[PDB]
>>> print(open('final-v1.pdb').read())   # PDB, C-alpha atoms (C1' of nucleotides) and all ligand atoms
MODEL        1
ATOM      1  CA  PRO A   1      10.787 -60.850 -77.008
ATOM      2  CA  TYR A   2      10.179 -58.251 -74.264
ATOM      3  CA  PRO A   3      10.725 -59.899 -70.870
ATOM      4  CA  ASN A   4      10.123 -58.178 -67.523
ATOM      5  CA  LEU A   5       7.271 -56.085 -68.935
ATOM      6  CA  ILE A   6       4.049 -56.139 -66.898
ATOM      7  CA  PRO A   7       1.010 -55.550 -69.162
ATOM      8  CA  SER A   8      -1.853 -53.336 -68.058
ATOM      9  CA  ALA A   9      -5.432 -54.328 -67.252
ATOM     10  CA  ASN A  10      -8.105 -54.020 -69.932
ATOM     11  CA  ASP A  11     -10.073 -51.587 -67.763
ATOM     12  CA  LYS A  12      -7.122 -49.187 -67.466
ATOM     13  CA  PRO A  13      -5.377 -47.375 -70.351
ATOM     14  CA  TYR A  14      -2.087 -48.160 -72.042
ATOM     15  CA  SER A  15       1.005 -47.442 -69.978
ATOM     16  CA  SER A  16       4.023 -45.553 -71.313
ATOM     17  CA  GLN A  17       5.860 -48.780 -72.130
ATOM     18  CA  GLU A  18       2.745 -50.293 -73.688
ATOM     19  CA  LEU A  19       2.411 -47.134 -75.781
ATOM     20  CA  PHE A  20       6.047 -47.524 -76.838
ATOM     21  CA  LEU A  21       5.539 -51.121 -77.946
ATOM     22  CA  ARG A  22       2.269 -50.183 -79.654
ATOM     23  CA  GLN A  23       3.891 -47.434 -81.703
ATOM     24  CA  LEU A  24       6.769 -49.791 -82.502
ATOM     25  CA  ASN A  25       4.217 -52.232 -83.907
ATOM     26  CA  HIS A  26       2.818 -49.308 -85.893
ATOM     27  CA  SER A  27       6.285 -48.234 -87.049
ATOM     28  CA  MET A  28       7.309 -51.604 -88.448
ATOM     29  CA  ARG A  29       4.040 -52.156 -90.361
ATOM     30  CA  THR A  30       2.046 -49.041 -91.262
ATOM     31  CA  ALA A  31       4.297 -46.017 -90.664
ATOM     32  CA  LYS A  32       6.121 -46.730 -93.938
ATOM     33  CA  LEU A  33       2.890 -46.866 -95.965
ATOM     34  CA  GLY A  34       2.134 -44.443 -98.768
ATOM     35  CA  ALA A  35       5.276 -44.294-100.880
ATOM     36  CA  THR A  36       8.714 -45.812-101.307
ATOM     37  CA  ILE A  37      11.718 -43.484-101.375
ATOM     38  CA  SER A  38      14.112 -43.751-104.305
ATOM     39  CA  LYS A  39      17.291 -41.994-105.437
ATOM     40  CA  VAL A  40      17.883 -40.317-102.067
ATOM     41  CA  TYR A  41      21.194 -40.364-100.217
ATOM     42  CA  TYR A  42      21.249 -41.908 -96.739
ATOM     43  CA  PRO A  43      24.541 -41.315 -94.869
ATOM     44  CA  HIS A  44      24.594 -44.652 -93.038
ATOM     45  CA  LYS A  45      24.344 -46.707 -96.237
ATOM     46  CA  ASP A  46      27.860 -45.733 -97.350
ATOM     47  CA  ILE A  47      29.084 -47.717 -94.349
ATOM     48  CA  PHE A  48      26.756 -50.740 -94.431
ATOM     49  CA  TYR A  49      26.115 -51.003 -98.202
ATOM     50  CA  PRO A  50      29.315 -49.820 -99.873
ATOM     51  CA  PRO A  51      29.483 -50.743-103.568
ATOM     52  CA  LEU A  52      31.929 -53.120-105.194
ATOM     53  CA  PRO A  53      35.011 -51.538-106.802
ATOM     54  CA  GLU A  54      33.876 -52.538-110.304
ATOM     55  CA  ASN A  55      30.529 -50.725-109.900
ATOM     56  CA  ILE A  56      31.979 -47.328-108.963
ATOM     57  CA  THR A  57      31.487 -44.575-111.534
ATOM     58  CA  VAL A  58      32.872 -41.068-111.772
ATOM     59  CA  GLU A  59      29.363 -39.820-110.978
ATOM     60  CA  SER A  60      29.190 -41.635-107.632
ATOM     61  CA  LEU A  61      32.661 -40.403-106.682
ATOM     62  CA  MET A  62      31.540 -36.886-107.576
ATOM     63  CA  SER A  63      28.279 -37.130-105.640
ATOM     64  CA  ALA A  64      30.346 -38.122-102.596
ATOM     65  CA  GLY A  65      32.451 -34.985-103.063
ATOM     66  CA  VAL A  66      35.705 -36.859-103.658
ATOM     67  CA  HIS A  67      36.675 -34.383-106.397
ATOM     68  CA  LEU A  68      36.778 -31.331-104.108
ATOM     69  CA  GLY A  69      40.423 -30.516-103.452
ATOM     70  CA  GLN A  70      42.160 -28.030-101.208
TER      71      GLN A  70
ATOM     72  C1'   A B   1     126.247  -0.317-109.520
ATOM     73  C1'   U B   2     127.208  -3.933-105.816
ATOM     74  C1'   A B   3     128.941  -6.234-101.359
ATOM     75  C1'   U B   4     131.281  -5.855 -96.321
ATOM     76  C1'   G B   5     132.143  -3.487 -91.375
ATOM     77  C1'   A B   6     130.527   0.347 -88.574
ATOM     78  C1'   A B   7     130.121   4.621 -83.682
ATOM     79  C1'   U B   8     125.165   5.824 -82.971
ATOM     80  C1'   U B   9     120.143   4.559 -83.907
ATOM     81  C1'   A B  10     114.156   2.658 -85.107
ATOM     82  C1'   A B  11     111.182  -1.310 -84.720
ATOM     83  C1'   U B  12     109.815  -5.992 -83.485
ATOM     84  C1'   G B  13     109.743 -11.312 -81.431
ATOM     85  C1'   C B  14     110.427 -14.554 -77.340
ATOM     86  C1'   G B  15     110.957 -16.393 -72.090
ATOM     87  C1'   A B  16     110.748 -16.614 -65.957
ATOM     88  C1'   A B  17     108.365 -15.113 -62.133
ATOM     89  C1'   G B  18     105.848 -10.959 -61.260
ATOM     90  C1'   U B  19     103.843  -5.460 -61.694
ATOM     91  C1'   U B  20     100.320  -1.987 -62.986
ATOM     92  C1'   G B  21      95.144  -0.034 -65.658
ATOM     93  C1'   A B  22      89.929  -1.557 -66.002
ATOM     94  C1'   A B  23      89.898  -0.911 -72.568
ATOM     95  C1'   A B  24      87.033  -5.452 -74.865
ATOM     96  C1'   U B  25      83.705  -9.905 -74.285
ATOM     97  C1'   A B  26      76.751  -9.274 -70.511
ATOM     98  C1'   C B  27      73.072  -3.142 -71.876
ATOM     99  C1'   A B  28      81.143  -5.225 -69.935
ATOM    100  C1'   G B  29      78.266  -0.690 -66.393
ATOM    101  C1'   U B  30      79.959   5.769 -71.555
ATOM    102  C1'   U B  31      76.785   0.385 -77.582
ATOM    103  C1'   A B  32      81.111  -1.854 -80.144
ATOM    104  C1'   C B  33      83.689  -1.413 -84.554
ATOM    105  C1'   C B  34      85.431   1.181 -89.641
ATOM    106  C1'   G B  35      87.476   5.753 -91.497
ATOM    107  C1'   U B  36      89.573  10.330 -90.085
ATOM    108  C1'   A B  37      91.232  14.375 -86.636
ATOM    109  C1'   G B  38      92.963  16.264 -81.854
ATOM    110  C1'   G B  39      94.740  14.886 -76.800
ATOM    111  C1'   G B  40      97.565  11.220 -73.982
ATOM    112  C1'   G B  41     103.879   8.144 -72.203
ATOM    113  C1'   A B  42     100.546   4.230 -73.312
ATOM    114  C1'   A B  43      95.908   1.524 -72.211
ATOM    115  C1'   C B  44      92.712   4.810 -73.884
ATOM    116  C1'   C B  45      89.597   9.774 -74.033
ATOM    117  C1'   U B  46      87.059  13.235 -77.217
ATOM    118  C1'   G B  47      84.893  15.295 -82.100
ATOM    119  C1'   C B  48      82.439  14.119 -87.326
ATOM    120  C1'   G B  49      80.138  10.506 -90.616
ATOM    121  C1'   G B  50      79.302   5.268 -91.520
ATOM    122  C1'   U B  51      78.031  -0.049 -90.180
ATOM    123  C1'   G B  52      75.163  -3.857 -86.988
ATOM    124  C1'   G B  53      79.190  -7.573 -86.609
ATOM    125  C1'   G B  54      72.825  -3.979 -80.642
ATOM    126  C1'   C B  55      68.023  -3.514 -79.948
ATOM    127  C1'   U B  56      62.821  -7.810 -86.151
ATOM    128  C1'   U B  57      64.948  -8.870 -78.708
ATOM    129  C1'   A B  58      59.034  -7.510 -82.862
ATOM    130  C1'   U B  59      52.968 -10.756 -79.864
ATOM    131  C1'   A B  60      44.804  -7.789 -78.547
ATOM    132  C1'   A B  61      41.250  -1.130 -76.638
ATOM    133  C1'   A B  62      37.799  -6.765 -75.232
ATOM    134  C1'   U B  63      31.427  -8.247 -76.483
ATOM    135  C1'   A B  64      27.777 -12.608 -82.170
ATOM    136  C1'   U B  65      21.931 -14.967 -84.368
ATOM    137  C1'   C B  66      15.096 -17.732 -85.263
ATOM    138  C1'   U B  67      11.958 -23.480 -87.150
ATOM    139  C1'   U B  68       9.336 -28.043 -87.428
ATOM    140  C1'   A B  69      14.290 -32.239 -81.376
ATOM    141  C1'   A B  70      12.045 -36.751 -82.786
ATOM    142  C1'   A B  71       5.821 -41.919 -83.625
ATOM    143  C1'   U B  72      10.921 -38.373 -87.711
ATOM    144  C1'   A B  73      17.757 -37.608 -86.775
ATOM    145  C1'   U B  74      20.853 -40.785 -83.759
ATOM    146  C1'   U B  75      19.739 -47.607 -85.170
ATOM    147  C1'   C B  76      21.097 -49.875 -89.935
ATOM    148  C1'   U B  77      25.841 -55.296 -91.911
ATOM    149  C1'   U B  78      24.949 -56.051 -99.596
ATOM    150  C1'   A B  79      19.700 -54.871 -98.002
ATOM    151  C1'   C B  80      16.452 -52.759-100.571
ATOM    152  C1'   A B  81      15.363 -50.615-104.603
TER     153        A B  81
HETATM  154 MG    MG C   1      85.281  -1.780 -69.156
HETATM  155 MG    MG C   2      81.856  -0.210 -73.031
HETATM  156 MG    MG C   3      91.523  14.635 -72.845
HETATM  157 MG    MG C   4      76.975   3.782 -96.514
HETATM  158 MG    MG C   5      76.117  -6.366 -78.158
HETATM  159 MG    MG C   6      71.232  -9.914 -83.604
ENDMDL
END
>>> encode(input="final-v1.pdb", output="structure tokens")
Amino acid sequence: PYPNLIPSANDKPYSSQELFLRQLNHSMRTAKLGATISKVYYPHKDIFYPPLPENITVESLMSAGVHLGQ
RNA sequence: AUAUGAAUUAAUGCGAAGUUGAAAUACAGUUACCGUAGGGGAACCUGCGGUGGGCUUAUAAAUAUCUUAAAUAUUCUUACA
């Protein structure tokens, strides 16, 4: 998982790298608590979750700004 | 009317090797050319207007701004929703 990391001793505080891994553990579990986001555009998803050609509407072409000519 | 000769006479073409000016073609060294006039043996020179087939070849008196910069965007592979 995370080789070549030397933990700290229980007496002494978290180190910077231990803090990083700790907040990663927080980020993957509890940071996303409270609400789910819906109907919001995320730029990366056009690249990794493009729709199928049959599912494209005029509205989604317009929201992408395809209609704006010179 | 028309043809044929004509003394004399005007122009023009060509050719051989040369000869003389420096007018044109470059800003051709006075922008060229068109028209017209005078001068000159002539090339050309000068006056007046016109044209560009010469100047469109045209190219700065200059100064620029504030919001969560990241445990948050940048990662992401049909996922979620
Ligand atoms: Mg000359
Ligand atoms: Mg001249
Ligand atoms: Mg004279
Ligand atoms: Mg005129
Ligand atoms: Mg000229
Ligand atoms: Mg010219």
>>> interface_residues(input="final-v1.pdb", of="chain A", to="chain B", cutoff="12 Å", atoms="all atoms listed in the file", output="NGL selection string")
:A and (19-28 or 30-32 or 36-40 or 42-52)
>>> residues_near_ligand(input="final-v1.pdb", ligand="ligand MG 1 (chain C)", cutoff="8 Å", atoms="only C-alpha atoms (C1' of nucleotides) and all ligand atoms", output="number ranges by chain")
B: 22-24, 28-29
>>> axis_aligned_box(input="final-v1.pdb", around="range 60-78 of chain B", padding_each_side="5 Å", output="JSON")
{"center_x": 25.3, "center_y": -28.6, "center_z": -87.4, "size_x": 49.0, "size_y": 64.9, "size_z": 34.4}
>>> atom_distance(input="final-v1.pdb", atom1="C1' of residue 11 in chain B", atom2="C1' of residue 33 in chain B")
27.5 Å
>>> atom_distance(input="final-v1.pdb", atom1="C1' of residue 30 in chain B", atom2="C1' of residue 44 in chain B")
13.0 Å
>>> atom_distance(input="final-v1.pdb", atom1="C1' of residue 36 in chain B", atom2="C1' of residue 50 in chain B")
11.5 Å
>>> closest_residue(input="final-v1.pdb", among="B:10, B:45, B:1, B:17", to="ligand MG 3 (chain C)", atoms="all atoms listed in the file")
B:45
>>> residues_around(input="final-v1.pdb", residues="range 53-64 of chain B", least_positions_apart="3", cutoff="9 Å", atoms="only C-alpha atoms (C1' of nucleotides)", output="PyMOL selection string")
chain B and resi 27+31-33
>>> closest_atom_pairs(input="final-v1.pdb", of="chain B", to="ligand MG 3 (chain C)", cutoff="8 Å", atoms="all atoms listed in the file", output="CSV")
residue,atom,partner,partner_atom,distance
B:39,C1',C:MG3,MG,5.1
B:40,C1',C:MG3,MG,7.0
B:45,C1',C:MG3,MG,5.4
B:46,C1',C:MG3,MG,6.4
>>> write_last_selection(input="final-v1.pdb", atoms="C-alpha atoms (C1' of nucleotides)", output="PDB file, in the frame of the given file")
ATOM      1  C1'   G B  39      94.740  14.886 -76.800  1.00  0.00           C
ATOM      2  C1'   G B  40      97.565  11.220 -73.982  1.00  0.00           C
ATOM      3  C1'   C B  45      89.597   9.774 -74.033  1.00  0.00           C
ATOM      4  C1'   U B  46      87.059  13.235 -77.217  1.00  0.00           C
TER       5        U B  46
END
>>> closest_residue(input="final-v1.pdb", among="B:34, B:3, B:48, B:43", to="residue 20 in chain B", atoms="all atoms listed in the file")
B:43
>>> closest_residue(input="final-v1.pdb", among="B:47, B:74, B:25, B:37", to="ligand MG 5 (chain C)", atoms="all atoms listed in the file")
B:25
>>> decode(input="final-v1.pdb", residues="range 8-80 of chain B", atoms="C-alpha atoms (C1' of nucleotides)", output="PDB file, in the first residue's frame")
ATOM      1  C1'   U B   8      15.230  69.377-111.884  1.00  0.00           C
ATOM      2  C1'   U B   9      13.340  67.963-107.181  1.00  0.00           C
ATOM      3  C1'   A B  10      11.016  65.883-101.598  1.00  0.00           C
ATOM      4  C1'   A B  11      10.912  61.851 -98.687  1.00  0.00           C
ATOM      5  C1'   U B  12      11.984  57.168 -97.191  1.00  0.00           C
ATOM      6  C1'   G B  13      14.136  51.900 -96.811  1.00  0.00           C
ATOM      7  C1'   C B  14      18.374  48.779 -96.719  1.00  0.00           C
ATOM      8  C1'   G B  15      23.675  47.084 -96.214  1.00  0.00           C
ATOM      9  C1'   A B  16      29.644  47.010 -94.777  1.00  0.00           C
ATOM     10  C1'   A B  17      32.864  48.544 -91.641  1.00  0.00           C
ATOM     11  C1'   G B  18      33.090  52.654 -88.918  1.00  0.00           C
ATOM     12  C1'   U B  19      32.101  58.087 -86.933  1.00  0.00           C
ATOM     13  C1'   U B  20      30.026  61.437 -83.676  1.00  0.00           C
ATOM     14  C1'   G B  21      26.310  63.192 -79.108  1.00  0.00           C
ATOM     15  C1'   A B  22      24.968  61.530 -74.101  1.00  0.00           C
ATOM     16  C1'   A B  23      18.514  62.012 -75.383  1.00  0.00           C
ATOM     17  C1'   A B  24      15.822  57.345 -73.132  1.00  0.00           C
ATOM     18  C1'   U B  25      15.850  52.825 -69.844  1.00  0.00           C
ATOM     19  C1'   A B  26      18.127  53.372 -62.260  1.00  0.00           C
ATOM     20  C1'   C B  27      15.871  59.374 -58.812  1.00  0.00           C
ATOM     21  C1'   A B  28      19.457  57.544 -66.365  1.00  0.00           C
ATOM     22  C1'   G B  29      22.213  62.092 -62.742  1.00  0.00           C
ATOM     23  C1'   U B  30      17.310  68.461 -65.314  1.00  0.00           C
ATOM     24  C1'   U B  31      10.928  62.852 -63.530  1.00  0.00           C
ATOM     25  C1'   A B  32       9.356  60.661 -68.328  1.00  0.00           C
ATOM     26  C1'   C B  33       5.544  61.057 -71.733  1.00  0.00           C
ATOM     27  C1'   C B  34       0.838  63.568 -74.415  1.00  0.00           C
ATOM     28  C1'   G B  35      -0.702  68.143 -76.702  1.00  0.00           C
ATOM     29  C1'   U B  36       0.969  72.805 -78.379  1.00  0.00           C
ATOM     30  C1'   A B  37       4.561  76.974 -79.228  1.00  0.00           C
ATOM     31  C1'   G B  38       9.536  79.024 -79.919  1.00  0.00           C
ATOM     32  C1'   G B  39      14.882  77.817 -80.667  1.00  0.00           C
ATOM     33  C1'   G B  40      18.318  74.294 -82.936  1.00  0.00           C
ATOM     34  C1'   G B  41      21.421  71.424 -88.821  1.00  0.00           C
ATOM     35  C1'   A B  42      19.778  67.400 -85.859  1.00  0.00           C
ATOM     36  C1'   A B  43      20.002  64.606 -81.148  1.00  0.00           C
ATOM     37  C1'   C B  44      17.624  67.768 -78.291  1.00  0.00           C
ATOM     38  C1'   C B  45      16.706  72.646 -75.173  1.00  0.00           C
ATOM     39  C1'   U B  46      12.976  75.963 -73.262  1.00  0.00           C
ATOM     40  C1'   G B  47       7.699  77.846 -72.087  1.00  0.00           C
ATOM     41  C1'   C B  48       2.123  76.479 -70.762  1.00  0.00           C
ATOM     42  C1'   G B  49      -1.456  72.729 -69.244  1.00  0.00           C
ATOM     43  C1'   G B  50      -2.355  67.451 -68.712  1.00  0.00           C
ATOM     44  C1'   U B  51      -1.143  62.138 -67.302  1.00  0.00           C
ATOM     45  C1'   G B  52       1.516  58.339 -63.925  1.00  0.00           C
ATOM     46  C1'   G B  53       2.807  54.737 -67.865  1.00  0.00           C
ATOM     47  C1'   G B  54       7.263  58.314 -60.356  1.00  0.00           C
ATOM     48  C1'   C B  55       6.962  58.675 -55.505  1.00  0.00           C
ATOM     49  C1'   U B  56      -0.032  54.097 -51.749  1.00  0.00           C
ATOM     50  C1'   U B  57       7.714  53.275 -52.349  1.00  0.00           C
ATOM     51  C1'   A B  58       2.417  54.383 -47.371  1.00  0.00           C
ATOM     52  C1'   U B  59       4.227  51.059 -40.889  1.00  0.00           C
ATOM     53  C1'   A B  60       3.785  53.850 -32.571  1.00  0.00           C
ATOM     54  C1'   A B  61       4.744  60.462 -28.573  1.00  0.00           C
ATOM     55  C1'   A B  62       5.591  54.778 -25.021  1.00  0.00           C
ATOM     56  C1'   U B  63       3.127  53.105 -19.064  1.00  0.00           C
ATOM     57  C1'   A B  64      -3.048  48.514 -16.725  1.00  0.00           C
ATOM     58  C1'   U B  65      -6.307  45.954 -11.491  1.00  0.00           C
ATOM     59  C1'   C B  66      -8.478  42.996  -5.033  1.00  0.00           C
ATOM     60  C1'   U B  67     -10.789  37.125  -2.455  1.00  0.00           C
ATOM     61  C1'   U B  68     -11.455  32.492  -0.034  1.00  0.00           C
ATOM     62  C1'   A B  69      -4.410  28.573  -3.746  1.00  0.00           C
ATOM     63  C1'   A B  70      -6.110  23.973  -1.922  1.00  0.00           C
ATOM     64  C1'   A B  71      -8.033  18.630   3.901  1.00  0.00           C
ATOM     65  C1'   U B  72     -11.111  22.202  -1.847  1.00  0.00           C
ATOM     66  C1'   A B  73      -8.841  23.162  -8.338  1.00  0.00           C
ATOM     67  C1'   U B  74      -5.171  20.140 -10.823  1.00  0.00           C
ATOM     68  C1'   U B  75      -6.577  13.259 -10.152  1.00  0.00           C
ATOM     69  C1'   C B  76     -10.903  10.909 -12.489  1.00  0.00           C
ATOM     70  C1'   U B  77     -11.724   5.563 -17.641  1.00  0.00           C
ATOM     71  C1'   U B  78     -19.405   4.596 -18.333  1.00  0.00           C
ATOM     72  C1'   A B  79     -18.936   5.681 -12.848  1.00  0.00           C
ATOM     73  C1'   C B  80     -22.167   7.646 -10.145  1.00  0.00           C
TER      74        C B  80
END
